[PDB]
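Each of two forms of one protein chain follows alone as structure tokens, named structure 1 and structure 2.
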Structure 1
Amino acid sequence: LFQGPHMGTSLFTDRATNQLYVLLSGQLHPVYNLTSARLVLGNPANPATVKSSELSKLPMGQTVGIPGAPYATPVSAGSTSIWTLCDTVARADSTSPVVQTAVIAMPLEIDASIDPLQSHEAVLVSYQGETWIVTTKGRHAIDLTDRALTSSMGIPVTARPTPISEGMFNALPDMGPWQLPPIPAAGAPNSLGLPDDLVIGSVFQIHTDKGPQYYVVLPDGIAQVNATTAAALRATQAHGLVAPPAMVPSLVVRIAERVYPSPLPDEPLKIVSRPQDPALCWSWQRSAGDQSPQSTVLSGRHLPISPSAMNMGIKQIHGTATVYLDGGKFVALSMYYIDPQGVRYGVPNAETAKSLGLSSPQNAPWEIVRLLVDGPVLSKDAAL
């Protein structure tokens, strides 16, 4: 297993300056950081003390190293790899609503105030002039200028979009527009042996035990739709019917049954109020047990971490996000070392990793890692 430090004879540290020195080909070169020293030595050496006196006997050389590299490369105890991206919108009713972004690589604290979006819940979002609807699935294009459509899909006029960050926009998969699947032959007489009333695109119902079951009339059969979709269909075009005509179950039992893929949920749509729930998250995890990654959209009152973690947030100067980390990470998207201040440094190959004493990198999503400030590549070629 070989855990712990490397003990060599080529790396030294002064008593007063705490400056590092690396012994290269008999000549003592100085080095910016412990990270760079290990790059050139080819081993994760731990420095040995030495009073300035002994440094004098040996001659000095040109300084080597990577000034922008992290000092060392510590990693926390994981194991687990949970990566979460969060948008928090400040003053959502304002003029002037504003979004801030958090990157989180630590266990989450999920509760009723901040938890996954439920199936019937959705967030209206604005990005570069266009509006989108965010659900458990991802983001769907939606035209909020079109009140006829919005009213038909159950989106109230009180509903307002809030800005989503570029990072969160890119992290959310595109699920296609928020619309009812087209029925181009709609309004045309049916060919199923149904009454002439029930034209293609019309909605009927069968009265069962556990409440009515709605059906849309399609060219090649009848398709089951939920109440939401039935209401949606009829709101855009009812084809002259005050209500969906009732069907005796014996009349449709030999009609072909088809699927109508409405994105509308069973329960009535609930558009979340951003001033009430300003946080919108995309959370990703993939336990080392091989598998496939698992991602989920969260919505809530604040970040899904303990209140004590809130004081640990580091906002990078060269960056967009506040980063919440419980120690350094070694990840594979192509490998990166990520320091506790949330800077990513490229690790080009496995021998460079071995030199640094980094091993067993965790899988992590590029969608989140790329948002971290990009530091210099950790390479011996540049360490020299």
Structure 2
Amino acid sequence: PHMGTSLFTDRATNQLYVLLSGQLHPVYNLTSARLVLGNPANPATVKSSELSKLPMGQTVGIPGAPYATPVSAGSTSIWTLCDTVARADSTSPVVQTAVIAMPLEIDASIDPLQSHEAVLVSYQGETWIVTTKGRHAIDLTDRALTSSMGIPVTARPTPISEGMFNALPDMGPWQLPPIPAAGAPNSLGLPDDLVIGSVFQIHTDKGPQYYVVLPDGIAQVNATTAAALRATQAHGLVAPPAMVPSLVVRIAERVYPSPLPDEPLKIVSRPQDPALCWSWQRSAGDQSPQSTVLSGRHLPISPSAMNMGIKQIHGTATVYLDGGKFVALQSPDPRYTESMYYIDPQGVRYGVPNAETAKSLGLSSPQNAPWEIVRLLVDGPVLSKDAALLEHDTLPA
């Protein structure tokens, strides 16, 4: 019968020994011992003379596994990816990347982009504009489009890392939404001058409200969008004609999804603000995560935290965390795939193949996390019972 203790530690050496079918085996770590036992056993301390009372076998386990699988007390799952560009204005700008899995300290020196703020970046020979929503493709050699869309010739793109490029959602071209049948007569009963794609205005209590004429109705646009439309094609109008509300209220209203913000676009200076981050967060009970783009002078963590960073030899990012993590990912690989990883305090991810294995390790309720950030971590060996059952020549250290 099972006698309650299948895991032991030599009182003198603190070495681990696991009991398998009446025989002791040295085992590399607690993680491996629990994998083979099928439950998160805690070692019983005994003298070597006690261990010598059982037959001893070869070393078992996963030597590359973390010693154990502790997890930070964690209120909320928070994951942040940060690009820092060194010598942004030089002929040799360099991007460094950090993964932050811990609460942030946000201030005026490093905070979310505001709605009118944007960063011009380069990736693989192409340029993208980064806003609070993600990245938008733009070709800067198209001087007129670029200018109309609020981007000055004084703007210099700076490189983003591959990880940041993957993390930032492609929200579509930085352009005015194309207007079908632009230039053609309106079908809305408006004056002949107001062709499809033209801009008019009506006077309100808050002053002028601008509209664009669409094939299926009229849509409100802000002043910036109105100017951008007219800068591209004014349709022969010196200014947006003033219309009477009696004429306009009768027409179907539509939505024109211009990406241009109300205020003049402010292009952040990378030398001033070398840090660009994508921060992702989700609390237990939440139906959706919330994500935002940060821009500032350094990482959004305390100065004390700025040197608890760890970079793996074969990792791309320096990792900052407040303890271990147990996370659940969902990704199209290319089919919708749910996966689980344990992340050790060193910033290595280890696959947890199924719920049964998680239970063996004493891991429960994995936090939802973004694969875009988590899979940037170095991938260690999968934590499986099959792997842990393997015998080895050499004793644990």
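In this text, the rigid core denotes the largest set of C-alpha atoms whose superposition between the two forms falls within 1.5 Å. Here, residue number means position along structure 1's sequence, counting from 1.
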{"item": "Residue from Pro173, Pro212, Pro116, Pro268 whose Cα, after superposing the rigid core, lies 2 Å or more away between the two structures", "value": "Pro212"}
{"item": "Threshold 2 Å Cα movement between the two structures at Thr320, rigid core reference", "value": "no"}
{"item": "Threshold 2 Å Cα movement between the two structures at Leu55, rigid core reference", "value": "yes"}
{"item": "Core-superposed comparison between the two structures, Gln100 Cα displacement 2 Å or beyond", "value": "no"}
{"item": "Rigid-core-fitted C-alpha displacement of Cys86 between the two structures (angstrom)", "value": "0.4"}
{"item": "Cα displacement of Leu241 between the two structures, core-superposed (Å)", "value": "5.5"}
